[PDB]
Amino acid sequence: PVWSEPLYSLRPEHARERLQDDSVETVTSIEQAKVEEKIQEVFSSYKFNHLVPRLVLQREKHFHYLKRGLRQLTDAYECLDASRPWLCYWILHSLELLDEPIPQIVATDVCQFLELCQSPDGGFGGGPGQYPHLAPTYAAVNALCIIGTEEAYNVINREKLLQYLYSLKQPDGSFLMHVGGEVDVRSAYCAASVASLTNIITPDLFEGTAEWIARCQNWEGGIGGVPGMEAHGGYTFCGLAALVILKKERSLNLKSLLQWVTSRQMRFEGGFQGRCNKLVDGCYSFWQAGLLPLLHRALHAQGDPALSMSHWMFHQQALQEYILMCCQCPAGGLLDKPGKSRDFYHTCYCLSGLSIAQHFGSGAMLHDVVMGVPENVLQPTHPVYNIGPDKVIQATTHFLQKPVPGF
């Protein structure tokens, strides 16, 4: 009807979803209310200005921001000087989602740079001359598969990369992030991602890894960084994505995990929190909502007959609403929440989540949902590697025509 509001965040009922603090004020509730107050200004801004809402993804603005950062960053990024393959992966993957070609001159310069970040003893480091580390190693292998040229694939020293991985493997089944480093579930995801993309998985590489990851699922149904720690979206994506790679998702209690992640969507704001009783953040649009296609595929692999054949099990509309209305910066780039500044990290994962929420697919069943103008539609992303599905196929098909090192 004509009194009907199509935007979920703007309906009158939606006011009822505001925080109920039971007249018990604590820091958690105060901080939650402050965000809901700021978000409500965003939602009401159309009404108060007497405009009709248009939800427009500022493609041209983000492209300019991405295109330039791929070449040069301000000293604001000194804090990421040991994460430069990450900057490569985030920017390349945002451009990919925005369906922006990667010039063959940019592709080869990236290849030359990650080559300089590669360690003579396997793995990649956060920059040239740095020691290797599983996190810049996962990012470099991803960025190299996004380029996906013959040149890009050959940067990877597969023989040494497998040597590096073995040197971090722990007896309880976990991995170190780097030599002398810490152990948490990020290393399991990082190791399995590069190892499966490049085809270097051996029969004993991940012995006991599935079992270690499962010990990280706690009483909440999510996954903590190490056994006993609070469940978090980033660790839970890492933990479940790693098991999907290892074909061991059934090690987890998938029901209590599904129940956990769907409760991390915020009834008012529409995006996701990283953990119970914390604040909404646009980057969990990927880390949390990305967990639902992985869950969908696992339960469908067990013949769960009740699965939807058209939607993920979260509020896809509400999440696109939050990203489009709240996480876009008018100069380009996306961001955490209104009032925070932009950065390539949130740019990558706000758009990765937007893409997840836009595209459902389980076999031949495809169904898209594009809030706002139809040009907002992004390229699909693969929910295990968060690189374009075409790039995963192209990379694995390439590396499967090599032998696993040592045969």
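Take the two forms, superpose them, and find the largest set of C-alpha atoms that agree within 1.5 Å; that set is the rigid core. Residue numbers run from 1 along the displayed sequence.
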Fill in: Between 74-82 and 318-326, larger RMS Cα displacement in 8 other deposited structures of this protein after core fit
74-82
Worksheet entry | 156-164 or 123-131, whichever carries the higher mean Cα B-factor | 156-164
Practice prompt. Take the C-alpha B-factors listed in the entry for 338-346 and for 363-371, compute each mean, and give the stretch with the larger one.
Written response: 363-371
Discussion item. Among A107, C276, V280, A192, where is the Cα B factor highest in this entry?
Written reply: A107
Practice prompt. Sort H232, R186, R84, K247 by C-alpha B-factor from the entry and give me just the highest.
Written response: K247
Worksheet item: For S310, does the deposited CA B-factor place it in the lowest, middle or highest third of the chain?
Response: highest
Worksheet item: Against its chain's modelled residues, does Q302's Cα B factor rank lowest, middle or highest third?
Response: highest
Worksheet item: Comparing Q328 with the other modelled residues of its chain, is its CA B-factor in the lowest, middle or highest third?
Response: middle
Fill in: Within-chain third of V384 by Cα B-factor, per the entry
middle
Practice prompt. Select lowest, middle or highest to describe the third in which the CA B-factor of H62 falls within its chain in this entry.
Written response: middle
